S.K.: 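The structure is given below, and queries will be raised subsequently.
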Amino acid sequence: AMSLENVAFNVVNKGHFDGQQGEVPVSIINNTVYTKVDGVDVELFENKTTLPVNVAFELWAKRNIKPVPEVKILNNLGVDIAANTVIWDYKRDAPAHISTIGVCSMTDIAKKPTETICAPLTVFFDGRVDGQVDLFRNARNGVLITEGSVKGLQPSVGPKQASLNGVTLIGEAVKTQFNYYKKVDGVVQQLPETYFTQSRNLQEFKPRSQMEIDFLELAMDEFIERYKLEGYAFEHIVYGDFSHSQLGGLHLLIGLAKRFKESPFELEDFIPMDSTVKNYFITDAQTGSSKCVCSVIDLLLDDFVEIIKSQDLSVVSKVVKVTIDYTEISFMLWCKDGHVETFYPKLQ
Amino acid sequence: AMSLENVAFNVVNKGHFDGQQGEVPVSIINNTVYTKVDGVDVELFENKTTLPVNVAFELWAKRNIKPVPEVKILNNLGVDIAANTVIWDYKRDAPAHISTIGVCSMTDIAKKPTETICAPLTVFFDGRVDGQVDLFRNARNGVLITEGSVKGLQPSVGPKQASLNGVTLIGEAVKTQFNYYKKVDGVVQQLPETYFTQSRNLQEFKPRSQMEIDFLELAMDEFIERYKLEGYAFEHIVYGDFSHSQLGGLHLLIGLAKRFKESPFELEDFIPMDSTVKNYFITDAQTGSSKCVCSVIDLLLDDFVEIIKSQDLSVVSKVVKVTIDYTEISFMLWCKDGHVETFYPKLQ
Amino acid sequence: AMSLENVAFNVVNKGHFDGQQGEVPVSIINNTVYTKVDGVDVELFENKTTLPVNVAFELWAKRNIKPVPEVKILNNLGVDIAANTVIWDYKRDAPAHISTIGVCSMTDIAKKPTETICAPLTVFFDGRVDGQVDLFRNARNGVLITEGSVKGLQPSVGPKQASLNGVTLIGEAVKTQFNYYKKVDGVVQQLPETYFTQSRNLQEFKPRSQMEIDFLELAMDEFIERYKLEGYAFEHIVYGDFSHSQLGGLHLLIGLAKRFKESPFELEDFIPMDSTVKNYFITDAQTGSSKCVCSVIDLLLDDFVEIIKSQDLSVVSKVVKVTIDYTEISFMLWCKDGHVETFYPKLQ
Amino acid sequence: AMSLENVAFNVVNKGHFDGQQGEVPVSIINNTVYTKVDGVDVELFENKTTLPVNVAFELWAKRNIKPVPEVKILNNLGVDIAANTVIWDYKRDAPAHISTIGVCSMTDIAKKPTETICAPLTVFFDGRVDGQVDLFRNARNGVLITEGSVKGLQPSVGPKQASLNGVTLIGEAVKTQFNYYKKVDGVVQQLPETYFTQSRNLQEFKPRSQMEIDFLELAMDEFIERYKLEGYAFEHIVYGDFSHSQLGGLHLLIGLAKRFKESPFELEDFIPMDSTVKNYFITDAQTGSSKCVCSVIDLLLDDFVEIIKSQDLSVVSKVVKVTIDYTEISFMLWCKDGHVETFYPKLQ
Amino acid sequence: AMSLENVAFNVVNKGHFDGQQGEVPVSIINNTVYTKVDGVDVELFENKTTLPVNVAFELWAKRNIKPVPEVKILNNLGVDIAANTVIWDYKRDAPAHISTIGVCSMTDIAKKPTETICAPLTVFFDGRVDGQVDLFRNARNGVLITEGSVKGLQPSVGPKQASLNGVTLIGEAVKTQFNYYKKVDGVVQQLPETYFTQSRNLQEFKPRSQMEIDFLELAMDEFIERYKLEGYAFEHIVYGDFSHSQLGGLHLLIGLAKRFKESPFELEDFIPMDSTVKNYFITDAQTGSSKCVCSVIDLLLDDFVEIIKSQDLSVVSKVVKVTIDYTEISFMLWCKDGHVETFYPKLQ
Ligand SMILES: Fc1ccc(CNCc2ccccc2)cc1
Ligand SMILES: Fc1ccc(CNCc2ccccc2)cc1
Ligand SMILES: Fc1ccc(CNCc2ccccc2)cc1
Ligand SMILES: Fc1ccc(CNCc2ccccc2)cc1
Ligand SMILES: Fc1ccc(CNCc2ccccc2)cc1
């Protein structure tokens, strides 16, 4: 017995849709959902999605309030829909999927993922929910996350971090590291050996290794000397080159964070969404150096060092493919006389 | 247990809100209420009101589908709100009243007209509903319509016509003529002696007396001779004067209807609402004569002749107040040498 | 090379999208698509769909401008999507299907109906287009219309009428009667024996048989005597019963059209869409008789007489299922002492 | 002292902006301007323009309520702006010009047409307004309409018809035929010899010559014999050819009007604006014949016969340029063995 | 070959419109431009302008991504339009000019600034673009910025700072100080000797002279003693007077910045735009002192000291006109017994 007034009642008294019974007066004026509280209209939800206001309101209310995989991971693993839940994309203020399975009468393509309409879709199953592991086994295409082992199925250990209500974190009171499983056309497909991005903020950056603690504390010349990174172009790639009108390098987020405490800069996120490699139109406020498309990845500095110090440096220009967050991130490695010149996450 | 989906279910399966149980998927895109019918969004309601889309949707669904007094009569009798119903203003595509009594949680000022909030409002009571006559007796201010006689109360016989779902008609299968009662500050008022407008369409005009049958059939000179209307300016007032750049007269709808069969014309209803006297920016397509504000009343021709012959014709210009549809309509009577020049419903 | 400006160029110079090259300046203000014509913004399209303005603009521009099956027939045959065309629903001012195959990059689920995403959808194939008959043979689910005979396949002769640009007509200069074929899970289905609705307007009604010519010309008592329809309740079912406050019967459009010449009435199409049985909130302007849900079907009078005389009249109330426009329409047959009382298209 | 509330006061009490003083409460909800009338919001204006709601409201209120040249004539004469008035385009529900001279503070480029900003614009001057003829003399570019003769200036007699409040008419109580004058770069131009379109409706068509009276009354074979039009392709050009799937000809509105009495048809005005030649996506309801772009001109039949008989019929295909409504209209004349095949207003 | 999809393709792959070829799917829902990225709609632009969504999208995409003069400077110099570029007003989230020259088909008044329509407009020319200096020479009215000297033309050295992508900065890797030239009616007009505002933030304030370093470090009494500013009312003008219910003075931004580190305050920018003198409705959170219109200018403290210590202090109240950012900023100087009382940027 689903209604706009019942969804709004749950939002008011529970913080989200909890399945409780009751109704509150609701008014819809344009893209905002209001509720009458003692004679005054109070704002409950503002629709920033491409879905009707009341439909988006309900999907937001029915969002998954448990630690869930980050949207970048589920996209990298080809997820089209989520089974009996709404994975909310907080980076886009909209559902990660536009169609649902057993969530909202307006977006539901099916009530159960067993329906033949779901067959060609990679459905996401949450093993922490009863019967979801069995549904993964019966579905043609899908992705499964589990807290433990699923008998017979070879797991892929995922990232330490999951997104809890938009807050990406490594769980202390909750489990955020999941075992991942994928199926394509009924066959369990083996997930590749992968690196993971650390999902850190530029303004809230914290080092997660001694190399990262040393990068932010030590100066450019002594860090490169301490970690033997001579001839690997860290001065351009990680640190940046703001001397000319076009910003040079600055492809690792640790280098951007080190730069941010000295000089502020405008990172224009021209495609606001979650991805393994993010692109920004950067403008440096101190020098006036700028780059229209500055591809930035947040790898653990040790992992970027392991990738860069595992490449052949004798080719003028070659594509270096690396598996990060399950997807193959192609990099452009440029060399000269046995030393690196640049190594950026190649733009496609 | 009121909801958007339940109101929409009733609209789909019953034509209006009938109190039935059930829900249909609803989507709100801007000011339109849609419903999913076999995978396609079908339009259910387009909000032309100043109220939120879903609030207006519900009040429209909960509209009174019985013959009710025309909004002009209800305004003339100073009604503010309706008791336990929604009088829908089809001429404005909105409720006749913005606040309700026991209809919608969003517009309800009270659940029962007995509440002290209703005390200063002239509440409309429908005698055909059980207990509404008793509520009129207990209310401080109000208007009551009844099909029969009320104990002790002296009635006022209203118009022959009522509005059934926007279609104004004189009932054959239903009763449309009501007894009217009014109360101001607890005191049963004596309603005035009044004329009634006939509420006819220009394109669907039908004569309702031998004088009206003769007006439309006979020529100007013959009709005025037959009914001895010489010196009463019917040639200007009723028939019209399209010889100059400014349209002369044409204040009675019977003369507009006679004119409409011969030559078409543009009536610009610049204030779309129901009123005893309607104003139109008229442009005659044949001659090119026009009038910015052409006040038109639809009186029975016999009633207009009775009013015009009941006047003193010795004043150059005087205001002639006539009680029509219970309200006092001011007319401007202009005379010259004992004869009328014009008699129009005063632009005030 | 698809763009908003190119679609708009085609609309301006060709009347619809014809694949021509060129661009015109376009401006989008809210839900309207405008074009600059000599310095003035001219309206090109107003979006009445649930899709983004520019997406709907393109699908409308790319609509099928050839006689196509009526949306009621296509729904009745369970069609989900059209192959390499846009069937435009003129009764809803929106595409008949929200997803396309090889039409618009925004709505396209696939470029060709052979893609595995189309497999569970009943794709509509137009035999008049090269290679569409072969695609029907290869598709798992689908509906096929052809002007001629298909090798091996047993046809179903459809309605005489098709919809050409929203104008339903029986072709004289074009062919509008199609052979229909259906496939479910790869198996060519045997379509049922069906009656067809005549798709006539209330205001533009024309008789299509001597019985219909006699119905509109003769009086109630004479027609029923001439065609020996005594005891079949035609006086209530077809003609109508406007004597009481609730309109009795009036389920056949021929009786509504006969009534319309004498007295006008308000048909409130509360679910604006194309269907075999249409429901209307009717209000008769002469009597004041009304019905919230008045189910109306436009069968050829001969076909309704053949259906009503092919029934057992000994049950107080039974459901009579009739295959009309390929779908099973349930009727409610009410009898008393061997005679009919009512026979309406069941409100279910 | 201009305000939204004062414009709205004038609209309510005068039908349009008359310069009167006073204010009424106004509320703006989205694109509609409402006014509070006795506690209920009444709609005053719905913005169908590309301008802000209140700006468009004011320009509409300040529209020219005198017979003015039709927007097709004003465009043909290359007018950009009107001097101290608003020419309202009723075919587009918007001002004919987006910028004003002494009308609205929001759209005003200048308070007087003498300002140097107006210098490169062809300003329209209405001779019926005091001082407008003198302003035409002083302006660099402009168009002037007058009821009488202007000293020294050689006139161009315009169309018999002008547009009075959207109603195109030939004045009986007003003058609608104007003398036209044009100036380009300070030089009084000699306007060309021109034909005029008759600006008639398809549904409200009236013949304006004996040839037009004979066209609508006589049959195709009789009319062509009476007026000796053998070999001029009137059977295709004027009458139409609905035998094939593509509608043949039908370029003259008199032939469309003759056709309309017999069979109805859908004229899709895909570019809603006023022009000398109008294009329509036509669909004939009887035959099912259709044409994506059917160019239609309303010339007096005598003028079309004078044009078609004034041509050389020995070229397979040539462009025939005709001055109509002051603009050069290109026609495509197709001949074969000394006879016409088609002569349509060229799709360019 | 300009299109919405091509502009959106450039925004996605280049950060701005770079002239590249290609298209991405675009959807417009209300005032937001979305793009389909792997089946999910990602937001690309939200229209905060008074222009149509797609028109504003294109002008924003085509914005000048080089250091350009600040909008306050170009307004002060009377600029109406920019030649073959879009100067984007980041303080208003809209183009600095509503009409373009060779940028967008919808906003273009001309393709080249040489067109006679541009003649009365002060067109902005960027000398850094090939042929723009020659176009300035040929234009009737205009403003020209150059990095070097233009033979014969007497330059005006502009501000040290220019706006690079909304970030106002003094160039280190780019040149931000330009030579300015102006022409009025074909004549090169001599630019006045002017002071420049420093364009600093209240929250991000940095001193740019020893006097400013001393103002923020030293207390009120020792700064005024060190710089001999006794009897010049710096205690009221620069520092502020929060003792009464109406805030006293606080007209220099350096004084506001000094105050901000001690006590926070609400600066209500009631006219959000770039100007030499900014007005704010200030409310001091600590004391509760407030001023409806508090005019604030950011002059270098040395320049304000040079202006105040160059005035005659014997008049009770006089207007002191000073040229700042090329425009004459009139100040109100109030004196008493040879000492200043107040000196604020006079409100007009
Ligand atoms: F839970 C969900 C998480 C993410 C999504 C959207 N992923 C779209 C995609 C599909 C195929 C390949 C790459 C991306 C949908 C639901
Ligand atoms: F049923 C209804 C019918 C009419 C109304 C609105 N009447 C407004 C009014 C109030 C006082 C004097 C004049 C007009 C409200 C409900
Ligand atoms: F051409 C088209 C015509 C019609 C449609 C929509 N039919 C929806 C439907 C699906 C299943 C059963 C009943 C109705 C889609 C495309
Ligand atoms: F009164 C008016 C009537 C018409 C207009 C608009 N005419 C636009 C145009 C300009 C140049 C050539 C062709 C068309 C503006 C005001
Ligand atoms: F690049 C541009 C920068 C600024 C503008 C807007 N300046 C408007 C103005 C005009 C006259 C005097 C004062 C202000 C337009 C384009």
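Here is the naming used below: chain letters follow the sequence lines, and residue numbers restart at 1 for every chain.
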S.K.: Please classify the contact of C/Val167 with chain D as side chain, backbone, both or neither, using a heavy-atom distance under 4.5 Å.
M.R.: side chain

S.K.: Within a strict 4.5 Å, meaning less than it, do heavy atoms of the C/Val40 and D/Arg92 side chains meet?
M.R.: yes

S.K.: Which answer fits D/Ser243, side chain, backbone, both or neither, if we ask what part of it has an atom under 4.5 Å from a heavy atom of chain C?
M.R.: backbone

S.K.: Select one option (side chain, backbone, both, neither) describing which atoms of D/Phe242 are under 4.5 Å from chain C's heavy atoms.
M.R.: backbone

S.K.: With a 4.5 angstrom heavy-atom cut-off, which part of D/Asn30 approaches chain C: side chain, backbone, both or neither?
M.R.: neither

S.K.: Tell me, out of C/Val42, C/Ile29, C/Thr176, who's got the most heavy-atom pairs with chain D below 4.5 Å.
M.R.: C/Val42

S.K.: Under the 6.0 Å and 45° cation-pi test, does D/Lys346 pair with D/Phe331?
M.R.: no

S.K.: Should the ring pair D/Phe45 and D/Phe57 be called parallel, tilted or perpendicular, given that the plane angle runs from 0 to 90° and is split at 30 and 60?
M.R.: tilted

S.K.: Should the pair C/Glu204-C/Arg200 be classified as a salt bridge under the 4.0 Å nitrogen-to-oxygen rule?
M.R.: no

S.K.: Looking at C/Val37, C/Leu44, C/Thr168, C/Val12, which makes the most heavy-atom pairs under 4.5 Å with chain D?
M.R.: C/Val12

S.K.: Between D/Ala285 and chain C, which part of the residue has a heavy atom less than 4.5 Å away: side chain, backbone, both or neither?
M.R.: both

S.K.: Count the heavy-atom pairs under 4.5 Å between each of D/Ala94, D/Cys294, D/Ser245 and chain C, then report the option with the highest count.
M.R.: D/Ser245

S.K.: Side chain, backbone, both or neither: which part of D/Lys48 has a heavy atom under 4.5 Å from chain C?
M.R.: both

S.K.: Quick check on C/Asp18 against chain D: is it the side chain, the backbone, both or neither that has a heavy atom closer than 4.5 Å?
M.R.: neither

S.K.: Can you tell if the side chain of D/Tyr90 reaches within under 4.5 Å of the side chain of D/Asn165, non-hydrogen atoms only?
M.R.: yes

S.K.: Heavy-atom pairs under 4.5 Å with chain D - which of C/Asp38, C/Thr32, C/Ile65 has more of them than the others?
M.R.: C/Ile65

S.K.: Determine whether more than 12 heavy atoms belonging to other residues, nucleotides or ligands lie under 6.0 Å from atom CD of C/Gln20.
M.R.: yes

S.K.: Would the C/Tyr326 and C/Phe196 ring centres measure less than 6.0 Å apart?
M.R.: yes

S.K.: Given a strict heavy-atom distance threshold of 4.5 Å, which part of D/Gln286 is in contact with chain C: side chain, backbone, both, or neither?
M.R.: both

S.K.: Hey, what's the ring geometry for D/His251 with D/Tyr344, parallel, tilted or perpendicular (30° and 60° as the breaks)?
M.R.: tilted

S.K.: For D/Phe265 together with D/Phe260, are the ring centres under 6.0 Å from each other?
M.R.: yes

S.K.: So for D/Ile271, is it side chain, backbone, both, or neither that comes closer than 4.5 Å to the heavy atoms of chain C?
M.R.: both

